[PDB]
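Asks:
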Amino acid sequence: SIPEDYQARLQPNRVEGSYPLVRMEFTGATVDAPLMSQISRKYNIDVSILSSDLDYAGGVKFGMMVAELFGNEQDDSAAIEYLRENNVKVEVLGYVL
Amino acid sequence: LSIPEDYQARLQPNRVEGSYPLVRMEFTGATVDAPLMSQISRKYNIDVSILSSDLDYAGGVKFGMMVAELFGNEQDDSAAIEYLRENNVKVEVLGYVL
Ligand SMILES: [Cl-]
């Protein structure tokens, strides 16, 4: 489920002037922390949230979020590995030009 | 419009020591097109602890709701809430979580 105007602009590889579009999955294995806040501060990422379907039930926060990550290549790569280190599953769908 | 049991039990009408606001934020096509959670995370040093979100993007518009606990100082969270409102996010302070 990716909006069609983002699809039309989605490329497989990173070109000049494009930014990663990610789908992030959260489960009861994901570290319990304000991770979007932390990468916003630590790596100078603007997390442009497109869609989310996160829920909290039975003591667990779970679901998915799709976001475009605005920053530079070094910073967005660092932020993606930080999220993976904290057990967010991150799929880099492509780069939005 | 639901809020998880365990949060409900801890949710107070007023701000006490060691409590933090729980907010419900509504996004419509009137909301400024900006990475607002990132912006308040930096500008006001707010940790946005997201409980639930139901945000969709269709037809050029992001819309829906997000419920989050806002961790920071009282001065900073009040400033961040006003910043969100100024950017046309509807913000309901549901209470304070102790
Ligand atoms: Cl946002």
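Taken in order, these protein sequences are the chains called A and B. Under the deposited numbering, the first residue of the first sequence is numbered 2, with each subsequent residue one higher. Under the deposited numbering, the first residue of the second sequence is numbered 1, with each subsequent residue one higher. Yeah, the Cβ is synthetic: ideal placement off N, Cα and C, and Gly gets one too.
Taking 6 Å as the limit, tell me which residues put their C-beta closer than that to any heavy atom of ligand 1, in chain order.
Replies: Qualifying residues, in the order they occur: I50(A), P35(B), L36(B), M37(B).
Asks: The region 39–53 of chain B: which residues have C-beta closer than 9 Å to a C-beta of chain A, in chain order?
Replies: Residues passing the 9 Å Cβ filter: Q39, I40, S41, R42, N45, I46, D47, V48, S49, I50, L51, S52, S53.
Asks: Report yes or no: is there a C-beta of chain A within less than 7 Å of the C-beta of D77(B)?
Replies: Not closer than 7 Å to any Cβ of chain A, the Cβ of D77(B) fails to qualify, so no.
Asks: Measure the C-alpha to C-alpha separation of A58(A) and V93(B) and round it to an integer number of angstroms.
Replies: Between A58(A) and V93(B), the C-alpha separation is close to 21 Å.
Asks: At a Cβ cut of 8 Å, what residues of the region 16–36 of chain B count as close to chain A, listed as they run along the chain?
Replies: Here the close residues are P35.
Asks: Of the choices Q75(A), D76(A), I50(A), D77(A), whose alpha-carbon is the least far from that of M65(A)?
Replies: With distances taken between Cα atoms, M65(A) lies closest to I50(A).
Asks: What is the DSSP secondary structure of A34(A), counted as helix, strand or coil?
Replies: Note: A34(A) maps to coil in three-state DSSP.
Asks: Anyone know if the C-beta pair for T31(A) and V97(A) falls short of 7 Å?
Replies: No, these two residues do not count as a Cβ contact at 7 Å.
Asks: Would you check if the region 74–83 of chain B and the region 77–89 of chain A touch, i.e. whether three or more CB-CB distances between them fall below 8 Å?
Replies: The region 77–89 of chain A vs the region 74–83 of chain B: no contact.
Asks: So, using beta-carbon positions, are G95(B) and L22(B) closer together than 7 Å?
Replies: Contact: yes.
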